């Protein structure tokens, strides 16, 4: 047996491709059919491969992940729940990355110094709880969670879970990396099996090769346009075909990253020589050599069956730019100017923003610098404001060293700290006023309303970093880098040629400053202090167990119209200040959702006072008076970012059930984890039978069972009653979470008490 360590920081934790192989072989003896690559890695990690029921789309798999990664906006509540479990140490390699609480304002070093003073209490809490429980800690300034994972922790065949919806990024290195809520990370840190509904597999066969201005980002901008934001739900997207070898390993991670915007469980590429190359240049040639010996297990079987196949010819793909509003409104760059003109979207670009974990590779930075040096060679600078977010300290130190950062400063860019910043709305943006209509273009991934600056009228478009750079120099959406001319300082018209740049540094990567803090797994006599008067951190009081009774005469808090993402439910931005304080963050509950009654945000009728007011204030009034309530939603409810606060906050303010036409995956799991009932209409037209004034009784909880629907009695004010049926996806493990009041309550019953 080979003894190759999982990373440079865990020299004693070895990669177990021997167990992966053994489990794949138990499973293919049972199934007698070819396995896709995602099937090999996922079934290769089952807790019990001989007995597990495997039906794509139907069974819940009990899995053993190799490691857990958390970022600091979700690590605080995952760790406060681990502290209530009472367990002494994490069971698997786990890390915390401090990337979400650094606000962009002054640029780089100045913003990091300010964040360290402002967020002291929280960074402290996380560093101490990390030292105490055996969790590795990447300090503020070190980089964004997915770039640090790609550079240090992802490898072919890993099963990794992360408390962030863009965890799929690590699929660019052939692993299965899945986004989860904080309570799912607590299961694995605690050592119990992790459950995942068996995925469907969408295959995307790539043919030809990219060339010119077309980059890896255009592949997933095209795929998002084809599948739409609800097309990937419950499936893994598995890229394959001869065109795969023409994409860099970091380009593969860009594509897997943005698969989060079509609702996919994750995305994955097969192990090939581009990944081998990246592993060797990031100090992990021993891992590339071991994966070469287990190569058969890290590619799909011949003839495996995909549930949907899409074919993309890379040689015909053109540059794309998606938005405004939703990531699946796809346009060629060649025609977004004309469409904008037509639709009334501002053509003048105020800000061009590149980088973040989706698009800060060395190759991305080099291609953007290659565009920028052509503008500089004609005496031009950006017309738009222009920001650059490096995804890690290693990338910042290396592009600084190889000269790209200076080219990007000379065209007018400001380099921001190695942190999410504008990508999750941590941006002190003052060039526009709130409600001023304007257009920004980014090389990020989500461009939903208010995501980047909390201004509903900002039209955000997502594209590749080299296209953001060319459009920031032109200053307008009415500019096509492939066809159009700019006028230099000197009066000559010139055309931008297609950027060419190296994939990886010729020299090695410069790691930059010391940013990792290993746990004393010696010492650990750390005491975690949470002040009882902190406004930022609060220990959890357990939720009530189920009373054994049906839910009668539930009040509707709000019937939501249309789209309701986790940012409508639990907004980010300034509310990130309270991600470790459940009572204070609950003051944002559902403030962005549209009430069907009046089509306004944050204005619902209080049933007792008959005043219209804020949703959190109304939910606290109902709670205070003993009125149990419900939310009614439309399709794909809870779409988006993974924040379990979206499920914790309604449980905390007295909600009992959320009834919708359908749920996004991570949010439905988070609702079940927190003791709420996520239920869907057995007939979606019944959404129209429920009016805001109706009261509901959910009956049948005594006989709650997998596959059996619950009965809902709609009680109309005129005395009419209508019965409808509601489906649920609970298996009996999950019904036990409901009966105990939460999954954490259940686990504590199992820990002998």
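Whichever C-alpha set is largest while still superposing within 1.5 Å between the two forms counts as the rigid core. Numbering follows the first chain given and starts at 1.
Asker: Fitting on the core, do the C-alphas of 339-347 or of 218-226 deviate more in 4 other deposited structures of this protein?
Answerer: The stretch that sits farther from the shown form in 4 other deposited structures of this protein is 339-347.
Asker: Going by root mean square C-alpha distance after a core fit, say whether 26-34 or 717-725 is farther from the shown form in 4 other deposited structures of this protein.
Answerer: Farther on average in 4 other deposited structures of this protein: 717-725.
Asker: Comparing 254-262 with 115-123, which stretch shows the greater average C-alpha B-factor in the deposited entry?
Answerer: Here the higher of the two C-alpha B-factor means belongs to 115-123.
Asker: Taking the recorded C-alpha temperature factors, which stretch has the higher mean, 431-439 or 577-585?
Answerer: Result: 431-439.
Asker: Quiz for you: based on the deposited Cα B-factor, which of 59, 727, 36, 720 is highest?
Answerer: Answer for 59, 727, 36, 720: 720, with the highest C-alpha B-factor.
Asker: Considering only 197, 274, 599, 146, which residue's Cα atom bears the greatest B-factor as recorded?
Answerer: Comparing C-alpha B-factors across 197, 274, 599, 146, the maximum falls on 599.
Asker: Going by the recorded CA B-factors, say which third of the chain residue 709 sits in, lowest, middle or highest.
Answerer: Top third by C-alpha B-factor.
Asker: Which third, lowest, middle or highest, does the C-alpha temperature factor of residue 171 belong to within its own chain?
Answerer: Tercile = lowest for this residue's CA B-factor.
Asker: For residue 673, does the deposited CA B-factor place it in the lowest, middle or highest third of the chain?
Answerer: Bottom third by C-alpha B-factor.
Asker: Taking the values exactly as deposited, rank residue 53 by C-alpha B-factor within its chain and report the matching third: lowest, middle or highest.
Answerer: Ranked within chain, residue 53 CA B lands in the highest tercile.
Asker: Name the third of the chain's ranked CA B-factors that contains residue 332, choosing lowest, middle or highest.
Answerer: CA B-factor rank for residue 332: highest third.
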